[PDB]
Amino acid sequence: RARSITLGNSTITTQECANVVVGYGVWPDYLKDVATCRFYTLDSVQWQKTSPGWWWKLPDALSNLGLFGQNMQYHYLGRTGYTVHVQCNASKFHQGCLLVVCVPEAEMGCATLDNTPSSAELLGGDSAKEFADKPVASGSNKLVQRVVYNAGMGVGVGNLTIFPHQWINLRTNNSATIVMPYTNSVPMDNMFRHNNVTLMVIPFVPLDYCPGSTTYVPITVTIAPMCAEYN
Amino acid sequence: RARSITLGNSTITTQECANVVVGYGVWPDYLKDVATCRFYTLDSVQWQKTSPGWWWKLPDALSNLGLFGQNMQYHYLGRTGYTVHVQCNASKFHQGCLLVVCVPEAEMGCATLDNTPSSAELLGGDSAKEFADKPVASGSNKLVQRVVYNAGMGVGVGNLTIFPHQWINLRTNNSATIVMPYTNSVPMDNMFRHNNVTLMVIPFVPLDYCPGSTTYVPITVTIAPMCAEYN
Amino acid sequence: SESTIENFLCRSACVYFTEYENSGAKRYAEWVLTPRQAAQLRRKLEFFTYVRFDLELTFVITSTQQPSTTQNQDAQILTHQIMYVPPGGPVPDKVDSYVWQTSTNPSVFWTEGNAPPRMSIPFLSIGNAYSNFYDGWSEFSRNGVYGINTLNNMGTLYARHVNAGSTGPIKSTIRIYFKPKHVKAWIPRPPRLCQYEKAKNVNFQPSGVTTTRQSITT
Amino acid sequence: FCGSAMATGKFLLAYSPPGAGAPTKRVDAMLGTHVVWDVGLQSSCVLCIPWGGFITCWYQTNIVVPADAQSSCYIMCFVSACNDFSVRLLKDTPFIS
């Protein structure tokens with residue numbers, strides 16, 4: 001069966017057993033603007049037979065979107081929880097697996113060992129930056145190392161499940177819901193200068209379908225900031 | 001002695017005995033956004049030996065000013081009280097009198113009997129429109145009849161004290177504070193389409209000073225919307 | 001009972017090697033305190049995102065004579081000074097500078113032939129934890145290096161020979177031991193698969209997931 | 001939604017209040033009052049409108065169907081009075097001739 005969840009004016013449709021995985025046993029709380037608590041539904045990304053992956057920076061993902069964008073603009077510092085929902089609607093004749101994971105402080109490596117990458121290449125605003133299968137060339141470019149079996153951070157992609165994750169298997173599961181607490185050494189930090197968490201979605205087992213099916217599966221990502229306060 | 005009044009972040013300096021005149025025995029109340037309750041201090045206008053008068057439309061006066069301007073923009077309809085403060089700082093060797101009055105639904109006449117006036121000529125935004133001594137020419141112009149002894153509405157200027165007024169005599173008084181309730185036939189009305197109250201300031205007894213004094217007296221007007229609600 | 005983060009991150013590990021001579025082109029040592037030079041300790045610390053700890057700096061200063069052709073050399077006991085610079089402290093531009101006398105920098109004097117000198121440092125970070133992995137730009141307006149937050153600064157260390165021992169040349173070495181104390185960790189993260197390249201950042205060369213075999217059934 | 005059971009997708013039902021004109025892009029429709037309707041789970045969506053405004057529907061995702069199922073579907077829309085409803089001043093109908 002289906003159910004409706006309302007925050008402010010937006011509404012989302014989810015199953016009865018959603019199987020939420022809390023971040024670290026902690027639910028987002030104020031440090032001890034309610035109008036910013038809505039479901040900021042981002043765009044859908046077509047999952048294909050060869051798609052390596054995607055990754056979003058939650059603070060940046062909502063930099064241009066309405067009230068959250070206006071607030072993080074004039075206001076200095078602040079903190080924010082998150083409730084990322086990844087919904088992946090596919091038929092019964094499709095097959096495949098996804099690893100939905102929120103990585104805190106994900107520093108990404110640069111293709112040229114000598115220098116760090118550029119801001120535009122690292123942050124994808126209002127769109128999703130995607131990985132790559134083959135290794136990135138090492139020239140004189142400030143590009144980001146987008147190899148998927150290393151995830152960019154430099155660590156083997158297999159053990160990326162230490163972080164709060166959840167698996168979407170198109171055989172049984174259909175969606176994942178990850179609650180993320182505000183994790184930072186500093187009580188409050190400038191949202192624009194520093195991004196605290198990175199949402200990563202990786203297709204371990206590739207999509208596959210018989211000829212005469214939909215050529216792609218439209219993953220859909222919805223962010224809802226919980227307990228946002230500013231100074 | 002002097003005193004300080006704080007609303008939000010702005011602060012005003014007024015005497016101990018301010019002699020407030022409530023609108024019609026009623027204090028502004030909600031119909032049965034707090035961030036819009038501040039002292040929106042407009043510009044100062046130099047009062048000279050020949051200045052006929054000035055007039056402001058409160059809704060329009062605050063159309064470009066920050067939060068009030070942004071709110072009355074997207075929001076449809078709404079209601080708002082007011083607390084107009086007119087401060088006129090002049091020496092002891094100056095002399096003169098002012099009639100500070102808030103006129104509800106002040107419809108203004110047009111110089112050409114045949115047609116109504118234009119919007120730009122009627123409404124002065126972020127500035128104060130001023131009257132004139134001699135009669136306005138009757139041609140083919142959509143100008144407003146700015147004669148001061150008629151005030152524009154078409155009535156003898158003397159009996160303009162029926163409306164909530166207050167007199168500033170530079171001999172004893174120095175300022176006036178007029179509280180204005182929301183007066184409208186309709187519970188809520190579009191602030192941009194219709195202006196409910198007009199603030200009028202008229203110098204009955206002219207300014208006069210000996211040679212070697214300040215050539216002008218800088219009147220200062222401060223608006224503070226009380227109990228503003230929107231739909 | 002043994003795998004606690006204390007017993008896993010409380011081992012004395014050498015982190016520096018350098019030499020300074022009583023007379024010569026190099027007459028003093030300098031090393032900004034960092035736990036990134038030693039790969040063995042860097043890889044152990046990169047298990048956790050936020051880490052907070054105290055230090056126990058213990059030095060080992062040894063002196064050796066040099067191949068010189070001066071005669072009638074009579075040596076006198078050598079005394080070494082080790083000036084710890086707190087973050088934002090003045091740094092000696094030269095060996096015989098005046099900064100070696102500031103009462104703020106806590107220098108420890110040592111005479112050869114005693115128990116090696118040791119001093120401790122508390123948590124100096126203005127923030128609430130040292131952050132191994134920063135995902136931003138240090139400069140507030142950006143146009144600053146990526147992942148280089150200055151919150152982890154731990155100061156600099158300077159060492160010199162207070163008195164020249166003999167007319168003949170003497171060259172001394174100093175090994176700095178790092179011992180984190182009262183360690184705390186937060187947010188566990190996966191072990192670094194690829195080998196380190198630059199101590200400055202996390203840049204790396206892509207590496208395979210593991211060692212390969214003949215067949216899957218073998 | 002009157003489509004095959006296999007057919008799945010998402011829709012953005014956005015209602016712009018009176019003063020504002022109809023949205024142009026999907027983002028602008030999302031930033032107002034909206035309801036993300038998932039046909040795969042729920043087959044019928046209900047919208048209660050206060051207080052004229054606009055109603056716009058957008059394709060959040062294209063329809064996904066397994067082989068042997070048609071991808072061209074249809075949607076029907078019912079209208080009804082809700083909660084308080086009053087009518088005053090009886091007049092003649094304009095549909096007579």
# chains A, B, ... in the order shown; residues from 1 in each chain; ligands from 1
>>> closest_atom_pairs(of="chain A", to="chain C", cutoff="9 Å", atoms="only C-alpha atoms", output="tab-separated table")
residue	atom	partner	partner_atom	distance
A:24	CA	C:187	CA	8.9
A:103	CA	C:189	CA	8.9
A:104	CA	C:187	CA	8.3
A:105	CA	C:135	CA	5.1
A:106	CA	C:135	CA	6.0
A:107	CA	C:135	CA	4.8
A:108	CA	C:202	CA	7.3
A:109	CA	C:203	CA	4.5
A:110	CA	C:203	CA	5.4
A:111	CA	C:203	CA	7.4
A:112	CA	C:203	CA	7.6
A:113	CA	C:203	CA	5.2
A:114	CA	C:203	CA	8.0
A:115	CA	C:203	CA	8.1
A:116	CA	C:146	CA	6.5
A:117	CA	C:146	CA	7.8
A:118	CA	C:146	CA	8.7
A:119	CA	C:146	CA	8.8
A:135	CA	C:206	CA	6.6
A:136	CA	C:206	CA	8.7
A:138	CA	C:205	CA	9.0
A:145	CA	C:206	CA	8.2
A:147	CA	C:206	CA	7.3
A:149	CA	C:209	CA	7.3
A:150	CA	C:206	CA	7.1
A:152	CA	C:206	CA	8.9
A:153	CA	C:202	CA	7.6
A:154	CA	C:194	CA	6.2
A:155	CA	C:193	CA	4.7
A:156	CA	C:193	CA	5.5
A:157	CA	C:209	CA	8.0
A:158	CA	C:209	CA	8.3
A:159	CA	C:190	CA	6.2
A:160	CA	C:190	CA	6.5
A:161	CA	C:190	CA	8.5
A:162	CA	C:189	CA	6.2
A:163	CA	C:189	CA	6.8
A:183	CA	C:187	CA	8.6
A:184	CA	C:50	CA	8.3
A:185	CA	C:129	CA	5.4
A:186	CA	C:127	CA	5.6
A:187	CA	C:128	CA	8.2
A:190	CA	C:140	CA	8.1
A:192	CA	C:140	CA	8.9
A:193	CA	C:140	CA	6.1
A:194	CA	C:136	CA	4.3
A:195	CA	C:135	CA	6.1
A:196	CA	C:135	CA	7.0
A:197	CA	C:135	CA	8.7
>>> residues_around(residues="residue 14 of chain C", least_positions_apart="5", cutoff="12 Å", atoms="only C-alpha atoms", output="JSON, numbers by chain")
{"C": [34, 35, 36, 37, 38, 39, 40, 41, 56, 57, 58, 59, 60, 174, 175, 176, 177, 178, 179]}
>>> closest_residue(among="D:71, D:42, D:60, D:33", to="residue 16 of chain D", atoms="only C-alpha atoms")
D:33
>>> residues_around(residues="residue 229 of chain B", least_positions_apart="2", cutoff="7 Å", atoms="only C-alpha atoms", output="ChimeraX atom specification")
/B:33,78-80,227
>>> write_last_selection(atoms="C-alpha atoms", output="mmCIF file, in the first residue's frame")
data_model
loop_
_atom_site.group_PDB
_atom_site.id
_atom_site.type_symbol
_atom_site.label_atom_id
_atom_site.label_comp_id
_atom_site.auth_asym_id
_atom_site.auth_seq_id
_atom_site.Cartn_x
_atom_site.Cartn_y
_atom_site.Cartn_z
ATOM 1 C CA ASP B 33 4.582 38.118 9.468
ATOM 2 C CA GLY B 78 -3.868 41.512 3.458
ATOM 3 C CA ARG B 79 -4.314 44.226 6.097
ATOM 4 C CA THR B 80 -1.974 46.528 8.071
ATOM 5 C CA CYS B 227 -0.218 43.806 13.129
#
>>> select_by_dssp(residues="segment 6-215 of chain B", states="strand (DSSP E)", output="ChimeraX atom specification")
/B:6-7,10-15,20-21,40-47,54-57,82-88,97-104,165-169,175-180,197-202
>>> interface_residues(of="chain D", to="chain A", cutoff="7 Å", atoms="only C-alpha atoms", output="PyMOL selection string")
chain D and resi 6+8-9+31+33-38+41-42+61+64-67
>>> select_by_dssp(residues="segment 1-196 of chain C", states="helix (DSSP H, G or I)", output="ChimeraX atom specification")
/C:5-8,39-45,99-101,150-152
>>> atom_distance(atom1="atom CA of residue 52 of chain D", atom2="atom CA of residue 81 of chain D")
15.7 Å
>>> atom_distance(atom1="atom CA of residue 20 of chain B", atom2="atom CA of residue 199 of chain B")
16.0 Å
>>> atom_distance(atom1="atom CA of residue 165 of chain A", atom2="atom CA of residue 17 of chain A")
17.4 Å
>>> decode(residues="segment 211-222 of chain B", atoms="N, CA and C atoms", output="mmCIF file, in the first residue's frame")
data_model
loop_
_atom_site.group_PDB
_atom_site.id
_atom_site.type_symbol
_atom_site.label_atom_id
_atom_site.label_comp_id
_atom_site.auth_asym_id
_atom_site.auth_seq_id
_atom_site.Cartn_x
_atom_site.Cartn_y
_atom_site.Cartn_z
ATOM 1 N N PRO B 211 17.834 86.568 9.685
ATOM 2 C CA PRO B 211 18.968 86.217 8.833
ATOM 3 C C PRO B 211 20.117 85.652 9.680
ATOM 4 N N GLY B 212 20.764 84.586 9.203
ATOM 5 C CA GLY B 212 21.854 83.946 9.966
ATOM 6 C C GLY B 212 21.364 82.729 10.733
ATOM 7 N N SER B 213 20.249 82.132 10.295
ATOM 8 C CA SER B 213 19.747 80.879 10.918
ATOM 9 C C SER B 213 19.810 79.777 9.856
ATOM 10 N N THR B 214 19.476 78.529 10.204
ATOM 11 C CA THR B 214 19.430 77.467 9.158
ATOM 12 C C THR B 214 18.337 77.828 8.145
ATOM 13 N N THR B 215 18.625 77.693 6.847
ATOM 14 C CA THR B 215 17.650 78.130 5.812
ATOM 15 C C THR B 215 16.431 77.201 5.800
ATOM 16 N N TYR B 216 16.537 76.005 6.392
ATOM 17 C CA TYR B 216 15.392 75.064 6.296
ATOM 18 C C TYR B 216 15.241 74.235 7.573
ATOM 19 N N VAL B 217 14.069 73.629 7.770
ATOM 20 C CA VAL B 217 13.844 72.727 8.896
ATOM 21 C C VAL B 217 13.589 71.326 8.351
ATOM 22 N N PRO B 218 14.414 70.358 8.693
ATOM 23 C CA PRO B 218 14.274 69.012 8.130
ATOM 24 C C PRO B 218 13.248 68.122 8.819
ATOM 25 N N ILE B 219 11.992 68.167 8.378
ATOM 26 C CA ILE B 219 10.984 67.222 8.846
ATOM 27 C C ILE B 219 11.435 65.800 8.549
ATOM 28 N N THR B 220 11.090 64.866 9.435
ATOM 29 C CA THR B 220 11.469 63.463 9.311
ATOM 30 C C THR B 220 10.274 62.581 9.633
ATOM 31 N N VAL B 221 9.981 61.619 8.761
ATOM 32 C CA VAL B 221 8.797 60.777 8.883
ATOM 33 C C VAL B 221 9.227 59.327 9.052
ATOM 34 N N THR B 222 8.617 58.656 10.039
ATOM 35 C CA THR B 222 8.945 57.235 10.339
ATOM 36 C C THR B 222 7.653 56.415 10.400
#
